[PDB]
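Presented below, as structure tokens, is a lone chain in the form deposited in one PDB entry.
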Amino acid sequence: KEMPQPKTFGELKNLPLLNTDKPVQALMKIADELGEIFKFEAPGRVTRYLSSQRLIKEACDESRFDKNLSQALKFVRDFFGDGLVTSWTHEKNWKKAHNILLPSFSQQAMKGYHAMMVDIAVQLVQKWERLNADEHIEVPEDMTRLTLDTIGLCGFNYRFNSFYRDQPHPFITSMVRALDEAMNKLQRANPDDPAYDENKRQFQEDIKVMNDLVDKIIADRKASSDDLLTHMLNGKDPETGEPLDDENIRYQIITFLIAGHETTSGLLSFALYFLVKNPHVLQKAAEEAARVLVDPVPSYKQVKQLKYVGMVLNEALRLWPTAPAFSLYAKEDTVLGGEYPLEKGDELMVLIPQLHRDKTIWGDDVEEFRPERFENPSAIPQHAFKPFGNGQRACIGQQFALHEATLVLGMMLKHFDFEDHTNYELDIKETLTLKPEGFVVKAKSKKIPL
């Protein structure tokens, strides 16, 4: 078959279609019009957008396709380096860091992180317990305070103290602006035009703010734990026996500070959004939290018991996966779906929110929020649900994210009743990652002691 392709702009091919603040949402509307696969061309490059489980299940065969750096990831690599997110599977520092840092996500490590996650969660709850009755909550802003602080503490034994700040933390502000710039660069035909000189200076300034904080964290540890930073500094790869060098360490710290909170803030924000928009689901979730979290602070085992909360989080990741794309390349010539021949090196993009709206998998109710879809993972076809990527390049933090989000959402639902007081209209801000923008609620304390 000849694959469909959205509208073109002469020598610019499809590139001007990314001239939007909301490119993933634009691509989804394209996929709506064109179907399970379309070509996307730009000067000097081509990729193919996949949206069906039918095709994506083939793309997830690691014998045929390896992780690719998308254009977006290539631009992020300017500050993520060859850390785990942005390294090719075949670069020595991928498997070496993977082997050295994977012990930081063992169940043993997770049990040990639990107390420090509670420390941040309690801070969130006390903030909300302390608001006057006229006040409201800025949801993605507070979920970023929580999630940044959690990775800072658990990962690095470092306190960002975001709840002691009325503006976002400076690290956040620079992070957002760096991700924004990377996103905006996707549409630039002439990236070296002098009209982009200020963007470039701004980008280098934001990358410096981030690296200055890495330096503080590294200096704090040298002056001072068994955590992610301990493994980075002292850990030895069993295969090669070497430790990470200093350059890679720095890339890994910035990688983990960003990738280990931004998307979890998004998830928590979407989940609360869907709960306030779906009162019967909120009741059921709140019923579980009340039944399970019987102690003044949750235990590790209790968070593991919050099954339905877990399902709410998975359903929120189904509709709005917060890292909404990943990319693959063909390891050899191969044919996709019996219909689309690919050559070695051809690029694919998995459009995750559109995969997760495949009516052949989920049914016709795909836009509805129904956590019960997730009651039994065996009843879901292979590769239908991919918010955490695929295979040996899958998200290393998945359990850390989901434990944190399940603990915090559980406490939220135990401690407060929530009101969508403004009848908020979903507005999804894109910074490569996805988050509701301007989402606000009021929270009425149930007055249960902490």
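Don't overthink the numbering: it's just position in the shown sequence, from 1.
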| Unmodelled deposited residues between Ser224 and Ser225: none, 1 to 3, 4 to 9, or 10 or more? | 1 to 3
| Residue range whose averaged C-alpha B-factor is higher in the record, 211-219 or 356-364 | 211-219
| query | Higher mean Cα B-factor in the deposited model: 325-333 or 367-375? | reply | 367-375
| field | Out of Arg188, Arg159, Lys74, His261, residue topping the C-alpha B-factor column of the entry | value | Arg188
| query | Whose CA atom has the top B-factor in the entry, of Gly391, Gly410, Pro387, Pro43? | reply | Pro43
| Would the CA B-factor of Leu228 place it in the lowest, middle or highest third of its chain? | highest
| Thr255 - which third its CA temperature factor falls in, relative to the rest of the chain | lowest
| field | Where the record places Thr173 (Cα B-factor, split into thirds across the chain) | value | middle
| request: Sorting the chain's modelled residues by C-alpha B-factor, tell me whether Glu11 ends up in the lowest, middle or highest third. | output: highest
| query | In terms of the CA temperature factor given in the entry, to which third of its chain does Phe105 belong: lowest, middle or highest? | reply | highest
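The protein also exists as the form solved in complex with a partner chain; that form is not presented, and the subsequent description refers to it.
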| query | Within 4.5 Å of its partner chain in the deposited bound form, heavy atoms considered, which of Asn99, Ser299, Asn211, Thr230? | reply | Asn99
| One stretch from 348-356, 317-325, 264-272, 373-381 that, in the deposited bound form, holds residues within 4.5 Å of its partner chain by heavy atom | 373-381
| Proximity of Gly338 to its partner chain in the deposited bound form, heavy atoms at 4.5 Å | no
| task | Evaluate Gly391 for contact with its partner chain in the deposited bound form, applying a 4.5 angstroms cut-off between non-hydrogen atoms, and reply yes or no. | result | yes
| message | Whether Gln107 contacts its partner chain in the deposited bound form should be assessed with a 4.5 Å heavy atom distance threshold; does it? | response | yes
| Might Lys277 be said to contact its partner chain in the deposited bound form, defining contact as any heavy atom within 4.5 Å? | no
